[PDB]
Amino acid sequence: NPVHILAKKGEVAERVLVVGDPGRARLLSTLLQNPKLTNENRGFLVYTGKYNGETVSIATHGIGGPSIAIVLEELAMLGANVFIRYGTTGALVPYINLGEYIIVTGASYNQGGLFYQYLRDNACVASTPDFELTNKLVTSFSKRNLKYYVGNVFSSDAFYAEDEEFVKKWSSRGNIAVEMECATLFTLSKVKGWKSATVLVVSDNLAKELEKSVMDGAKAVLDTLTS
């Protein structure tokens, strides 16, 4: 029995759009038909409504692997099995501009903690999203003529430990942006059998309005989610 998200079974859809910021969940709920607040416990706002004749929920996951792991596990216990994370990220390469999008194809991460507790050892398990769902995202973002890039990201655990040596190291490893929850989402999804994907809004560039960019892409994500 979930102890963080206090929604009743049947109040959470199988399809869920997950965001870190409670405020974004509230803003994006205005895109659903007849949205209802199914949970507010511990600040994790969850809204359930309709979109393209499909029931969908928008849920808050907070910051970090431990936080999103808990939210995903409990949403799953209430019926969810398809998740698409819509967050913000810091670009690691110069050519990507603010307000543009990144569709994630994989996540790099440092071993330990959460991963050791779930996997039982330090093996580097491929942290990747569902192949088909990610391709649908690309197709959806193209249909809407939105500027996007496709690549891997580094899921950091320490926001304030990202210096300059940091940027060169990670971009030289094939990552084009940094965020904090993708590796946990993809890996846990692989173990639990959930279908997940992620699209990010570039809010900063470490190598070198948000709300407007957020709204445009949210519609592309919702279309993908309900397709």
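Residue indices: 1-based, along the sequence shown. The term rigid core refers to the most C-alpha atoms you can superpose between the two forms while keeping them within 1.5 Å.
For the pair 160-168 and 22-30, rigid core superposition yields a higher RMS C-alpha distance in 8 other deposited structures of this protein in 160-168. In the deposited sequence, the stretch from residue 208 to residue 209 hides 4 to 9 residues that have no coordinates. The stretch 139-147 shows the higher mean C-alpha B-factor when 78-86 is compared against 139-147 in the entry. In this entry, 40-48 shows the higher mean Cα temperature factor of the pair 40-48 and 180-188. Of the candidates 167, 70, 58, 63, it is 167 whose Cα B-factor is highest according to the PDB record. Ranked by C-alpha B-factor against the other modelled residues of its chain, residue 156 falls in the lowest third. Residue 110 sits in the middle third of its chain by CA B factor, as recorded in the PDB entry. Per the deposited record, the Cα B-factor of residue 134 falls in the middle third when ranked against the other modelled residues of its chain.
The PDB entry assigns residue 127 a C-alpha temperature factor belonging to the lowest third of its chain's modelled residues. Residue 17 sits in the lowest third of its chain by CA B factor, as recorded in the PDB entry.
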